[PDB]
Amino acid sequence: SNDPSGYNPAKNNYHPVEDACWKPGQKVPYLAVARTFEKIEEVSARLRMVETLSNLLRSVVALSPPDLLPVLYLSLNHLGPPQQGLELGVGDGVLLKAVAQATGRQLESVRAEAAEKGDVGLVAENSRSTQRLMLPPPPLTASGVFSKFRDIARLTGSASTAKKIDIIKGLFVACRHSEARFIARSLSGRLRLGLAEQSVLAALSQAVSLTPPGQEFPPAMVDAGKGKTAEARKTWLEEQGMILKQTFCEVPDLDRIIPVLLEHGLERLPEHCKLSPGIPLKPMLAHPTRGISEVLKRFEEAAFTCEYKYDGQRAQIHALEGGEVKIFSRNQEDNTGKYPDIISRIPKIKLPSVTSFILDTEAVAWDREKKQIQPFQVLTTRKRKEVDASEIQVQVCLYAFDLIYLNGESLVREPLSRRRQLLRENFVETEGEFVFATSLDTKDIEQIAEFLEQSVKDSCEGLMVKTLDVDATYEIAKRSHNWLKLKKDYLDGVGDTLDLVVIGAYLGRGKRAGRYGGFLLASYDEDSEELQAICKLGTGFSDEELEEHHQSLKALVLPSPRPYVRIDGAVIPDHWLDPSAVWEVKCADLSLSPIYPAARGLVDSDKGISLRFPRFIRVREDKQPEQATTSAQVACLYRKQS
């Protein structure tokens, strides 16, 4: 009702009508969304964030139902269903230019402040706009802002960037209080609330459970939990939370779910939104494990299967009744246009009795001349959009490992033993085109160790381990990481570790604001007696170790780089460091780099070598730079991968 500036969606006994900061039927103000973001950001307990978001959503349901979908998208920082491919195309560069123009400041001055503060939002809000007149424009609304975000994402073609900057400036001109901070963070793709998809779903089921949609105004039922004991309320909300969560994992599309929720309610939701081919679903993921002993501990006495973990890209393959075929990525992006070859071979992989299906597969680059798997880096050279089958140069072999839907039957609640059997009996293998994941059903620790050894020898990353009957379903809402990934480089003493020289540091963003978030590392090239940048590094250290690194490196800061340090195309560090510290670094593999100079010319004329999945292990106090891993040793390690 009153000024949204005082809106407190975190207040005790929050009343969806009386504590709202707008009137019935009015559009939700964006400042209401922003104050909710502030109250979420101030706390660290997710459950407190969920209650706060729930309070906002209850007011939205009660007062302004049409703004529910935009508010949810704003809270996720999404533009729409992932398979529709809406993208801002903005990024820090465009955003920082728009902030500069809106405030009249120099781009470079804005850039330096952002790096220092580790946050663009604070730079955007703390500086006023030259564009603004004496009179402010009307206040921003949640749906107004969301549609402008969509406008940005739809702009294409020549001069589209200028048009994007104009929209962004228009937004900043109208911002009040904390609004610009979250507009800017949203545009840069770093909203960083500490609340995301799972907490948004929890807030949404709680909200529509406590404040049902569809009530004649004023709503007779503002809080449907008030008549319940605390224990009964909790059980009820957990039950309703799982209805929404399991539906969303089968149909992760708020454009479909929300209209149903507002019309028919949450209890009827599964009868209106169900898994079907053509709608991407959430995939089953995996937890790491440190060794075979641990696998047996997590699965106890449950029979399990081991499978090769292939190194390609996940492909969720849908065949609709009537013949249409769709392919989606692990993240529900539409990849149908990328695999014309796969689409044309569907008739060859399925027996003629199969009328529809959803397969879970790995797409792996395959050398038809040598009949062998190719590295991930080869796979990534495929074109991605509007590919014509004749133009394909990198062939793919599909390694199928699960089946989620068959002939109109959803298999989500079926044990893997049965899903696998339907997969094996209704689909046809062809060497180099479509094959079942190589597997072993055993409890013998010795066979597992060999089978692991062999998976590496056969061009794979290690093993995936899955129970067959006990907790062996495909219900992502019950456990999204139900499988176990046993990679060689997880083992504490088998992976390849390098001793690398710290040559630069990058100021941290977000959670790393105010310290270093990343470092530039180098190997030692003994031929030229120079240090060659090899990779950046930003994970593996605890917060405590990261504080010690800032302490021990601050004395090594230099105004200018050393002439025997070569970084070529790498990101220039915010702070150059006198080469001295040597860290032990682990990786999964070495890759051919278009930018890093380390070992350039030893394996390839144009490309140096970098690290795949690098992480800090520990400081090497017993090593000086001249004894770090050499560039020749790096080349030798790369060749060793064959």
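In case it trips you up, residue 1 is the first one in the sequence shown, and so on.
Q: Once you work out the mean C-alpha B-factor for both 571-579 and 32-40 from the entry, which is higher?
A: Per the deposited B-factors, the answer is 571-579.
Q: Could you check the entry and say whether 73-81 or 100-108 has the higher mean CA B-factor?
A: Averaging CA B-factors over each stretch, the winner is 100-108.
Q: Between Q393, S199, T539, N407, which carries the biggest CA temperature factor in the record?
A: When the deposited C-alpha B-factors of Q393, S199, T539, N407 are compared, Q393 is largest.
Q: I'd like to know which of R330, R268, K309, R420 has the highest C-alpha temperature factor in the PDB entry.
A: Max CA B-factor in the entry, restricted to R330, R268, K309, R420: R268.
Q: Please rank the C-alpha B-factors of the chain's modelled residues and tell me whether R233 sits in the lowest, middle or highest third.
A: Its C-alpha B-factor belongs to the middle third of this chain's values.
Q: Per the entry's values, where does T442 land by CA temperature factor relative to the rest of its chain, in the lowest, middle or highest third?
A: Ranked within chain, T442 CA B lands in the highest tercile.
Q: What third of its chain, lowest, middle or highest, does the C-alpha temperature factor of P277 fall into?
A: For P277, whose C-alpha B-factor we compare with every modelled residue in the chain, the answer is the lowest third.
Q: Going by the CA temperature factor in the PDB record, which third of the chain does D496 belong to: lowest, middle or highest?
A: CA B-factor rank for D496: highest third.
Q: What third of its chain's C-alpha B-factors does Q627 belong to: lowest, middle or highest?
A: As the PDB entry reports it, the C-alpha B-factor of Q627 lands in the highest third of its chain.
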